[PDB]
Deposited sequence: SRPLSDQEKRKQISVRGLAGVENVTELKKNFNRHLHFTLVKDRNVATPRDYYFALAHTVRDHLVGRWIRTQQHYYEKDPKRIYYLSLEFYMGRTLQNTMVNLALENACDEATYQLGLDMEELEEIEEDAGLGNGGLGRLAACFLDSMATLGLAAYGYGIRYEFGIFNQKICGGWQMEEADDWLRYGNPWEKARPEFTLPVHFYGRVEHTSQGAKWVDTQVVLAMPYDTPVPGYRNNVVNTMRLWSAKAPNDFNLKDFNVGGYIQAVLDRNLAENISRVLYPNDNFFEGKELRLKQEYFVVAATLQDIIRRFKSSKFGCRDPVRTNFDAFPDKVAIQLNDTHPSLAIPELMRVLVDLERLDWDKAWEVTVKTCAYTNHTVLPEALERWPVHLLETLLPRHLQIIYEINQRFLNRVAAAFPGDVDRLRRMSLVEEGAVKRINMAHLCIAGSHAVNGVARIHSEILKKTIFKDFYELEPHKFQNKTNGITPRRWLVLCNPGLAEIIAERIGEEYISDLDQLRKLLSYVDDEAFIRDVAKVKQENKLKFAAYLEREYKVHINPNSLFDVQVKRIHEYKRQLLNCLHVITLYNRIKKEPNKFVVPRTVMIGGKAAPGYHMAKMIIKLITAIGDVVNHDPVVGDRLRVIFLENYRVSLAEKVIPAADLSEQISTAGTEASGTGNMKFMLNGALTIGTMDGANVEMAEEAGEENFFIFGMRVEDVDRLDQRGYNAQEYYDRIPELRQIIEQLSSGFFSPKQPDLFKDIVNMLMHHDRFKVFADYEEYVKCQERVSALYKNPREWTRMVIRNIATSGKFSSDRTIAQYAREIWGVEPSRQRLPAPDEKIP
């Protein structure tokens, strides 16, 4: 049907049909008469996976022969979503599969909806890892994603009486056709034990053993025949484990609980033992495999020329003392050389400056669990603080601030400090965030070693986030400029010369309208929810967090409602306001914010005076596959964190790529987005970082906004008095209380400028042609925010490898 979806050759289609039928019969052990759509999905999924494997085997052999430097991306999170369409897209098989399945009398889109998301992440950080893997393979780097094969990913979210309820995401119930179990490469991981000293050094003894079993999933590059590997570890008990006989066998579960479940706290640290076991487990098993692979090239000096390890936040920071443990205790390198090797090998990415998100592990945990790694960390700390002392003689307060060991009621190890000490590069994830790091939390480190500190502004893969989810927009772009922009997103700049082309204006607005019609219909069929598709689609989707200020969004919605009630017969640009996202299970305030959002819809959506001029919809179970449907339907993107708190953001980029305009603070990557499109083509409002600090010094007093803004006071009074919760009049007193007295994120300070900026958006919306021209201006300047540009900077400036767009042979 559409051009960027590849060829449907006679030979290809005929072949696909036969392999589809072979898998239906032989693999599924089904006959056409009892197959359900789910069986058809599987037959298709196995048929497409067949095309990968040859490429998978030849890529992995090519690396063994040529021996390039390898990149190991360690992360506790890989938010992959679905694999089928992405694989079709990267292999140019999409039109052929469509044809082949159409001829068997099936609808490929129906089938794609049956695939479970691999929800092995929480949000922005785990999805960055996913975009990165795709960019690494598109750019021909010999790169391996390593993590944990969680048996339950992020919980599925149900809304019940307006409240979030969690349920287990049993994503593997029906099998995962994409993975290949690799029990032959099972590896031991050690916990507990104690440290013995011999004449030949330290020895870690009496440990419990958990085996790590690898599962490999292929990662295809974009039409370059590269297929890289994501290797995820699964925990297994050893066979002599505790070996009532019956009880001994059942207790094997204690060991395998390590890979059972993903911790669902985003931007919040929970110091629980099970988490730290997961952290050590991925790092222990990954480093043996790395070293094994290196020894099949004695000489560790060349280790940093053959290996790069990227640490995705501090989660795998135990890689640093573990690499020392292996080099010093097992290989018998001396300390100083092991340390040189380790620093040259590791690099660390920070994703936050929020105090509560930083990992600081109680020393009593590390002591019990990892008594040798604690010893190594104290030694790292001592040698490091000696370099500090030597450089800032006398500055005792610097020593206590810079220490890897925090003193206090419970001593803690500050894992970020460890990473900066043992890495040759540390980077933030947007220009402003990187600057904040150097001026604030890591200032002392920066003065010590300014040359470690870098920026690598985040990006998103244009494959998933454009070609896969928005074929209509990819297609009209490609009619004008060709196809090359898909792996060179800077080419979108050529679209600037079409800003005054009447036919192009009309095709952009037409693609948006179609996407909105398709999303409106997904809403009714799957959730009996009922919307005007001519309305402006105002969307805020991301994890529920106070800093993300969904509450600010809420106050705007209530203000619009109150302005309609006050003058019902006055015209307003109609909106569909959609907010979506998961709250972590113990984050009480996040759960209250969800409940408020639904309580608002309850009032607003059934007010007959409002008509279809205002609807508030909470999007349930937001996740990757739902992002792919809603983002291309969006007209307005809400990116309204308090300035200084959102390290980068990446939703913001997905929306800009897909023809939504942005309303945002100068936060994170919003700053670079605006600078790329021109501030005139962006709806910026509210405090800058500088303004927030000024306010923090005087002191933030919210009563002051409440006394001066009648519209705001009326909302607060409606909240306290039970207007949004008539049977529980005090339902929301926690929120009101927090907003009035304990608001770390200054919702009231930005309210006024936010509302006025919201009027400027409705006004452009009234002028379709001029809305669409600003849209083209955004789309056209989104090139920088491709993950291919990001990974190329990592590769050149951190890993020391040269990207390559050259096809490997078929």
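- Gaps in the model relative to the deposited sequence occur at 1-11, 255-260, 315-323, 837-842, listed in sequence order.
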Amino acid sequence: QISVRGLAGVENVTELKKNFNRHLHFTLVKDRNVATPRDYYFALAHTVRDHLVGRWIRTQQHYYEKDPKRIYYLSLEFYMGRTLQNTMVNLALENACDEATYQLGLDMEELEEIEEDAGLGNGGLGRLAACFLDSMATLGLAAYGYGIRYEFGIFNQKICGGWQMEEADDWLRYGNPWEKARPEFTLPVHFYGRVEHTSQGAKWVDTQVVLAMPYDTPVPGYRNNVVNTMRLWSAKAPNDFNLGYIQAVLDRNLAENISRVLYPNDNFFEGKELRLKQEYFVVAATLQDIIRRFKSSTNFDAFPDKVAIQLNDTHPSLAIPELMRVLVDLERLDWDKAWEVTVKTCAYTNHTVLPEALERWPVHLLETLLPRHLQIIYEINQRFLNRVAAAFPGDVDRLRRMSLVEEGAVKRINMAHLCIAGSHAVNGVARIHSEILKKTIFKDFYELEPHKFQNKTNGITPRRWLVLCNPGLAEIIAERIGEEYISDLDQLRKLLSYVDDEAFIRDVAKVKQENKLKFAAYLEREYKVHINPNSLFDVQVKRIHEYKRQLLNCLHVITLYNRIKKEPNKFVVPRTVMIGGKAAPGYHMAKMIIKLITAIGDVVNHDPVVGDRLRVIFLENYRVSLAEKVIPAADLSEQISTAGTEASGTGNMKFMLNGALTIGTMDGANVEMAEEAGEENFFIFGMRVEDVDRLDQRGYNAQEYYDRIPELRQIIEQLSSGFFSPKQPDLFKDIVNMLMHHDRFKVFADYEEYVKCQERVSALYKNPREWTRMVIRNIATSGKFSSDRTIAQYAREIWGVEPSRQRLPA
From here on, numbers count along this sequence of modelled residues.
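- In the other compared entries of this protein that model both flanking residues, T298 lacks coordinates in at least a third of them.
- Averaged over Cα atoms, the B-factor as recorded in the entry is higher for 505-513 than for the other of 132-140 and 505-513.
- Across the two stretches, 518-526 and 448-456, the PDB entry reports the greater mean Cα temperature factor for 518-526.
- Reading the B-factor column for the CA atoms of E435, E270, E279, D305 in the entry, the top value corresponds to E270.
- When the Cα B-factors of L468, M324, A100, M88 are read from the PDB record, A100 comes out highest.
- When the CA B factors of the chain's modelled residues are split into thirds, the value for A45 lands in the lowest one.
- Ranked by Cα temperature factor within the chain, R694 sits in the highest third according to the deposited record.
- Per-chain ranking of the deposited C-alpha B factor places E752 in the middle third.
- Sorting the modelled residues of the chain by their CA temperature factor places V541 in the lowest third.
- Per-chain ranking of the deposited C-alpha B factor places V801 in the highest third.
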